[PDB]
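Trainee: in the first instance, please consider these chains from the complex; the rest will follow:
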Amino acid sequence: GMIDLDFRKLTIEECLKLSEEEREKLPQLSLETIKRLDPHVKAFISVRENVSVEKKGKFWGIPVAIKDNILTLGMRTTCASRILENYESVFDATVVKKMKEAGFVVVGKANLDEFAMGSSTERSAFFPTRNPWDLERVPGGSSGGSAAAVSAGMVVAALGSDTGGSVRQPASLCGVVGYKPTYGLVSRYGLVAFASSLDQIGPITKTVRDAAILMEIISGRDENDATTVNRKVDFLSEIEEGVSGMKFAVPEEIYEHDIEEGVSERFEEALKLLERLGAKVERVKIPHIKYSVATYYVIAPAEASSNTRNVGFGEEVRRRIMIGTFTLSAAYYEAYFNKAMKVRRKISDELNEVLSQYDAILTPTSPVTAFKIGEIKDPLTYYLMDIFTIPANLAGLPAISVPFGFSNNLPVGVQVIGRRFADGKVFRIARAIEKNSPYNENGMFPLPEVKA
């Protein structure tokens, strides 16, 4: 329909059907929605100056948020760090150039864990972002600002970054779609990143098709990023064709961890839905998958490190211990990086073996729904939040999180993982889940209505 009946609910595809008059109001209406909702959600670090809308590109006028570790003209890029509070790149990341050339309007920069080092957005130097479904709770992370902004309807879509789950996991916790493409499909030129072998930029959206559309836009060879491939992948063409006759694998490992009961229940229902649509679902055993998290935590940080009062006894001891731990960790990386890379190859091989016989691997995106801000102080617990998302980064595989109902009144995500360059199939499977979900209305997952 041609009229914008509720800006918060708008998808990219609905925007395309708006009359020109209604469409040219979108960037301003986004700014107004941010002004109303962001004092509660705290998704944004900065917003743009409201300016004339260009009617250039197919996707002209459509407002989007960009995670603030992605460099942008016009607005500062803080990486949610105090030291970069006033930093201006005067330069657009390749993915931002692409978005803007397609017509999208970057209305703001979204909050993140400082330097993208976290899983809940609480480590932002500025403030925590709050989950639109429950403002006491985390939106996940590190792309929490981006997921919260989409969920709350402040923007139509967003970009985040994903090293070990940081697009998929916040999308899961906020009840929106989060996509991480095959390694090599999206330029990291303009991403302020500490792990070259693991990161992709990915879209966060209100629908599965909207994520495929952004993938069509941001993907492609970039001479400024030598990791980008020349292979063209079609994300959208087959998206409606369903999953009848497909075969899906579920890792036994999922069942060997005590996850949130409602998350388990939602996941089993998704599996049953897939069987009703004419697919088969089988448990598989992936021998080295249990080493994924430990392997990730050698490689990702190894990469990062290679890119008057009668007081003070406590501080000095803590300092010495902290400096000591740092030097010891350096030793560990030296002793164990090569072995971690061998284990990474092995995990990757085993996943490719599974994906030679099955169309995709299915897991819950997260073992839990959104936890409270200030709730998780246990280090081991915190670092296990990416348990199910990490393997796709290790193996360079396409993976999507798609909402599938609720647990404890909070959104649950289901993850589809495909073989390298099978992004189109991943999107096709995800779309079948969304279209047929008993928790969606007309193939669309509910979006929360934050009180102004």
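Mentor: That came through, no problem. Numbering: from 1, shown residues only, chains lettered A, B, ... in the order given.
Trainee: what's the burial count for the closest residue in space to residue A:280 that isn't next to it in sequence?
Mentor: In space, and not counting its chain neighbours, residue A:280 is closest to residue A:247: 5.0 Å by Cβ to Cβ, 6 or more residues apart in numbering. Where you see a C-beta, it was placed from the backbone N, CA and C, and this is true even at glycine. Residues lying near residue A:247 (other Cβ atoms under 10 Å) number 13.
Trainee: residue contacts, residue A:247?
Mentor: Going by Cβ atoms under 8 Å, 6 or more residues apart in numbering, residue A:247 touches A:279-280, A:282, A:357-359.
Trainee: same deal with residue A:114?
Mentor: Going by Cβ under 8 Å, 6+ apart, residue A:114 touches A:79-81, A:123-125.
Trainee: switch those over to a markdown table; also include distance to residue A:312, secondary structure and neighbour count.
Mentor: A markdown table is the format used below for those (distance: Cβ to Cβ, whole Å; DSSP: H, G, I helix; E, B strand; the rest coil; neighbours: other Cβ atoms under 10 Å):
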| residue | distance to residue A:312 | secondary structure | neighbour count |
| --- | --- | --- | --- |
| A:79 | 31 | coil | 25 |
| A:80 | 30 | coil | 31 |
| A:81 | 27 | coil | 18 |
| A:123 | 26 | coil | 18 |
| A:124 | 29 | coil | 25 |
| A:125 | 25 | coil | 18 |
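Trainee: nearest to residue A:235 among these?
Mentor: Nearest to residue A:235 among the contacts of residue A:114 is residue A:79, at 28.4 Å by Cβ to Cβ.
Trainee: show me what contacts residue A:329?
Mentor: By Cβ under 8 Å, 6+ apart, residue A:329 lies in contact with A:301, A:305.
Trainee: following the host helix or strand of it in sequence, what is the next regular element?
Mentor: Residue A:329 belongs to helix A:313-357 when assigned by DSSP states H and E. For helix A:313-357, the following helix or strand on the C-terminal side (DSSP H and E) is strand A:360-364.
Trainee: what angle separates that next one from helix A:313-357?
Mentor: Counting by axes from the mean of the first three to the mean of the last three Cα atoms, to 10 degrees, strand A:360-364 lies at 140 degrees to helix A:313-357.
Trainee: what pairs with strand A:360-364, and is each one parallel or antiparallel?
Mentor: Sheet pairing here is set by DSSP bridges, and for strand A:360-364 it gives strand A:247-251 (parallel), strand A:410-417 (antiparallel).
Trainee: chain B follows; place it on the structure:
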Amino acid sequence: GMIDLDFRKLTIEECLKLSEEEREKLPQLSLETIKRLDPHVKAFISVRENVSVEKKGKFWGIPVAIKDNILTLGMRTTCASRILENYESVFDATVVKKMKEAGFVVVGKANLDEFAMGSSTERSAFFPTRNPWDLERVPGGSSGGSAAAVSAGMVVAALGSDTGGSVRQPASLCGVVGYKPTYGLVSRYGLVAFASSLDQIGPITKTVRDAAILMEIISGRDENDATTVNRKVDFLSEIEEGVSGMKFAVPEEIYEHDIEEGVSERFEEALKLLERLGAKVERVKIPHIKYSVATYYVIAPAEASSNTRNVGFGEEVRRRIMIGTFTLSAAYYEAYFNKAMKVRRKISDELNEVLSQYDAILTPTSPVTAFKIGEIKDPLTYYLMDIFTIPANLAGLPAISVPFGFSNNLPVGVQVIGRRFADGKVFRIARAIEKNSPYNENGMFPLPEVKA
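Mentor: Chain B goes in next, on the same frame as the chains above:
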């Protein structure tokens, strides 16, 4: 003989034969020797006020150094930290009470790595200690000040502390005897320590018998340290009885690392000497011994943690990474402490299996001779300096380092490791090596003569 012919060369047993007049001069002569030599060696953090010599106790007048992580009346205990530069315990550690009751005179506090966290003494907050055999070089650590003071002859003997080699290794590098007793024989009450399951205080001496004598003094049950055992061990009685008919084990693992050639050569000669004295020497395979170092570095630190310019981007990034590494290490300890303890039990079991069939295990104390101050910056290299000493702490076993000639004009140490509470046998084996060494004169290893 009754005359002190050269203070630097004096042993505890020689002191006992001095005339009263010559003996009462020792504490003052120690202070004078420190004044002359310590500007070059830098072994001491503090020295005592020269006072009247009491003639009480069998060992009256005999000057000794105490590592500055051991609490002492009269003098400050800095732990080689700036924050404790002016700290006074007003309290003697149990081992210091024992020493003083026996008559020994504590003339000074010896330098160490700050809070005993190191293997070369270079991490002293105050200054590095320098090897008396070559002042460009490290004395080892963390008890480097104590070993250097004995070697240089500033004192007759000293006490250090040993968590993963920190008595044995500096003794090895300085060409003196270093002893680490069976776990449970020596009180840690008054040791400023971060690892309860691994640490013993031990003596550093000019002769093997002098170390047995100090063990007789400092050992014993202490109600202030519940880890101290009631079992009495005789260190001295059998010390002269030799090794004829004994059987010794050499771990195959020694040969699977590229160690300093001269260290290997000295070690093989010690093995041959033992066979000439009527013992047999056999290589053994200890399956899990290769996991010792990794296991140690989970447990010891786990324990420690449980006890205007347009500038600044670099510092903030380093800070974030350092804080990040610290939290991740905490997660690691949480995930892996119990497993490390299982591997520790296994290593300990295997060592006990070896020590049921062999009288002792023999290794080089160190894979290298003393390196240059400022030379070792590689973390992995640095943390491998205790490769051969760590296992005795893991298994709670008695172990001694005894000098056996030189490599690259620097002292080499040979290590004897015994079964729990077989300290007397360890001393007996070590004494046979010293007595018969082709590098000793009259059963005594040369001591370096630092130029005033």
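Trainee: what do you get for the contacts of residue A:114 once chain B is counted?
Mentor: Contact partners of residue A:114, counting by Cβ atoms under 8 Å, 6 or more residues apart in numbering or on different chains, are A:79-81, A:123-125, B:320.
Trainee: which residues does stretch A:80-98 contact?
Mentor: Stretch A:80-98 is contacted by residues A:45, A:66, A:68-73, A:75-78, A:100, A:106, A:111-115, A:123-126, A:159, A:186-187, A:189-191, A:201, A:217-218, A:220, A:222, A:224-225, B:312-313, B:316, B:320 when judged by Cβ under 8 Å, 6+ apart.
Trainee: end to end on it, go ahead and measure it.
Mentor: Length of stretch A:80-98, first residue to last, Cα to Cα, to the nearest Å: 24 Å.
Trainee: show me which residues of it are buried.
Mentor: Residues A:80-81, A:83-84, A:89, A:92-98 are the ones in stretch A:80-98 that count as buried (16 or more other Cβ atoms under 10 Å in any protein chain shown).
Trainee: can you lay out those residues as JSON lines showing secondary structure?
Mentor: Putting the buried residues of stretch A:80-98 into JSON lines (DSSP: H, G, I helix; E, B strand; the rest coil) gives the following:
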{"residue": "A:80", "secondary structure": "coil"}
{"residue": "A:81", "secondary structure": "coil"}
{"residue": "A:83", "secondary structure": "helix"}
{"residue": "A:84", "secondary structure": "helix"}
{"residue": "A:89", "secondary structure": "coil"}
{"residue": "A:92", "secondary structure": "coil"}
{"residue": "A:93", "secondary structure": "coil"}
{"residue": "A:94", "secondary structure": "helix"}
{"residue": "A:95", "secondary structure": "helix"}
{"residue": "A:96", "secondary structure": "helix"}
{"residue": "A:97", "secondary structure": "helix"}
{"residue": "A:98", "secondary structure": "helix"}
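Trainee: check those residues against residue A:398 and report the nearest one.
Mentor: Nearest to residue A:398 among these, with distances taken as Cβ to Cβ, is residue A:95, at 16.6 Å.
Trainee: so how far is chain B from that closest one?
Mentor: Look at residue A:95 and chain B: by Cβ to the nearest Cβ, to the nearest Å, they are 23 Å apart.
Trainee: now swap in residue A:349 and tell me
Mentor: 25 Å.
Trainee: count the residues that sit near that residue.
Mentor: For residue A:349, the neighbour count with other Cβ atoms under 10 Å in any protein chain shown is 12.
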